[PDB]
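Chemist: My questions will all concern the structure given below.
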Ligand SMILES: CN(C)c1ccc(O)c2c1C[C@H]1C[C@H]3[C@H](N(C)C)C(O)=C(C(N)=O)C(=O)[C@@]3(O)C(O)=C1C2=O
Ligand SMILES: CN(C)c1ccc(O)c2c1C[C@H]1C[C@H]3[C@H](N(C)C)C(O)=C(C(N)=O)C(=O)[C@@]3(O)C(O)=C1C2=O
Ligand SMILES: [Cl-]
Ligand SMILES: [Cl-]
Ligand SMILES: [Cl-]
Ligand SMILES: [Cl-]
Ligand SMILES: [Cl-]
Ligand SMILES: [Cl-]
Ligand SMILES: [Cl-]
Ligand SMILES: [Cl-]
Ligand SMILES: [Cl-]
Ligand SMILES: [Cl-]
Ligand SMILES: [Cl-]
Ligand SMILES: [Cl-]
Ligand SMILES: [Cl-]
Ligand SMILES: [Cl-]
Ligand SMILES: [Cl-]
Ligand SMILES: [Cl-]
Ligand SMILES: [Mg+2]
Ligand SMILES: [Mg+2]
């Protein structure tokens with residue numbers, strides 16, 4: 001079938017949902033596309049190159065809150081941005097593992113730059129803004145990775161542990177994520193407002 | 001060579017450092033142990049079973065701050081516990097990926113129970129204590145995963161991005177982790193002390 005970049009991406013994302021990240025192979029992608037492996041190679045050099053592109057395109061397609069609304073507080077931006085990142089990562093099987101290890105692509109530079117500048121315009125030093133943005137990124141990835149990989153992995157319990165596992169087996173991870181996110185953001189705010197004061 | 005559980009673990013951890021998680025195979029472990037594959041199978045049924053055991057034994061061996069010191073504040077316990085978890089995860093190649101998706105083993109039940117009880121003794125509801133413990137776990141995993149997988153993965157840059165990448169390429173991830181961790185813990189404290197007050 002059609003082997004423009006868009007269509008190759010499309011097929012690889014469909015395959016990802018079917019196979020997961022470990023099971024995804026270029027041979028299987030060629031099959032899906034109805035082509036021979038050497039044909040695919042002209043378009044897609046290896047699995048690494050494919051995964052890198054998927055990580056970018058999943059966010060381009062589905063991460064809609066990359067930038068602050070006009071007049072938005074930095075707190076609200078980080079909240080909305082994290083929720084959006086989370087959702088985008090969850091949209092595909094093993095989507096957080098596809099993201100893991102990547103760094104901002106040229107196609108995301110202006111976006112990331114804007115996020116950093118926004119933080120510095122709201123009183124963060126570049127370093128402190130970086131630490132905030134990384135912490136949210138790490139927390140969000142971590143939460144989604146554990147959600148997705150725990151699902152992939154699937155009476156002498158002591159009572160709090162039994163109960164805590166009953167709580168966890170009762171939603172998908174969202175409540176715990178959102179509560180953690182609030183804690184994170186509030187801590188960032190306490191730090192920012194402290195300036196040079198012992199806190 | 002010797003195929004007691006300890007020695008099999010030992011060899012698998014050595015192999016993990018040599019191959020990484022994706023490259024680790026039972027066939028390669030049998031080679032390392034100087035045995036044939038059917039011999040290994042008696043001891044180790046599959047890679048999953050092996051990884052599960054490694055995740056447990058890495059913490060048993062090297063995560064020394066599972067429990068609060070006598071009289072320790074909950075804040076200090078979470079800090080020390082997170083630092084210890086982080087270090088243990090970093091001790092082996094792809095160590096955070098080995099941990100990912102696991103849940104507490106029978107051999108960790110008393111430990112995890114104690115952590116939960118400790119939080120509830122310090123004023124947390126079980127749910128709020130769970131959310132704190134999960135948030136620290138997720139943040140720590142996320143940070144280490146990104147550190148380890150970014151290393152595994154290894155001029156039109158805009159200036160803040162260029163600068164931020166210079167900052168990141170200057171330590172291993174520790175400074176950003178520790179700063180984030182403080183933000184997280186302080187947010188937990190603001191929440192705990194609020195009780196039923198709008199905050
Ligand atoms: C320079 N910049 C801080 C870095 C450095 C190394 C990194 O590994 C990363 C960044 C930017 C962050 C921005 C975060 C942002 N957010 C805090 C989740 C984000 O919304 C985006 C985005 N493209 O909209 C990211 O790329 C991002 O998810 C991401 O993957 C990043 C990331 O991987
Ligand atoms: C019931 N309990 C809260 C759960 C439920 C699901 C989970 O997936 C987990 C826990 C306990 C947490 C405790 C955390 C703890 N810490 C906050 C990092 C920890 O120190 C240990 C430990 N064994 O000392 C964990 O097992 C732990 O790393 C872990 O892997 C957990 C984990 O995987
Ligand atoms: Cl065709
Ligand atoms: Cl076609
Ligand atoms: Cl074509
Ligand atoms: Cl195209
Ligand atoms: Cl492949
Ligand atoms: Cl294949
Ligand atoms: Cl503020
Ligand atoms: Cl405070
Ligand atoms: Cl031998
Ligand atoms: Cl021997
Ligand atoms: Cl033996
Ligand atoms: Cl033994
Ligand atoms: Cl294997
Ligand atoms: Cl092999
Ligand atoms: Cl307190
Ligand atoms: Cl406050
Ligand atoms: Mg990223
Ligand atoms: Mg765990």
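All positions are counted from 1 along the displayed chain.
Per deposition record, X-ray crystallography, 1.5 Å.
Every residue gets a Cβ built from N, Cα and C, even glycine.
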Chemist: What range among A:25-44, A:45-64 does Swiss-Prot describe as DNA-binding region?
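Modeler: From Swiss-Prot, the annotated DNA-binding region range turns out to be A:25-44.
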Chemist: Looking at the ends of the gap, residue A:154 and residue A:155, with 8 residues missing, what is their Cα separation in Å?
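Modeler: What separates the two Cα atoms is a distance of 18 Å.
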Chemist: From the Cα of residue A:99 (Mg(2+) binding site) across to the Cα of residue A:81 (tetracycline binding site), what is the distance in angstrom?
Modeler: 16
Chemist: Counting other Cβ atoms within 10 Å of each residue's Cβ, which of the binding-site residues A:63, A:99 comes out lowest?
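Modeler: Minimum Cβ neighbour count within 10 Å, taken over the binding-site residues A:63, A:99, occurs at A:63.
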Chemist: So if I draw a 10 Å sphere around the Cβ of residue A:81 (tetracycline binding site), how many other Cβ atoms end up inside it?
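Modeler: Cβ-Cβ neighbours of residue A:81 (tetracycline binding site) within 10 Å number 21.
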Chemist: Cα-Cα, whole number of Å: residue A:63 (tetracycline binding site) versus residue A:99 (Mg(2+) binding site)?
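Modeler: Cα-Cα, rounded: 13 Å.
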Chemist: Is any of A:63, A:81, A:99 (binding-site residues) within Cβ reach of ligand 5, i.e. under 6 A, and which?
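Modeler: Listed by sequence, the hits amount to none.
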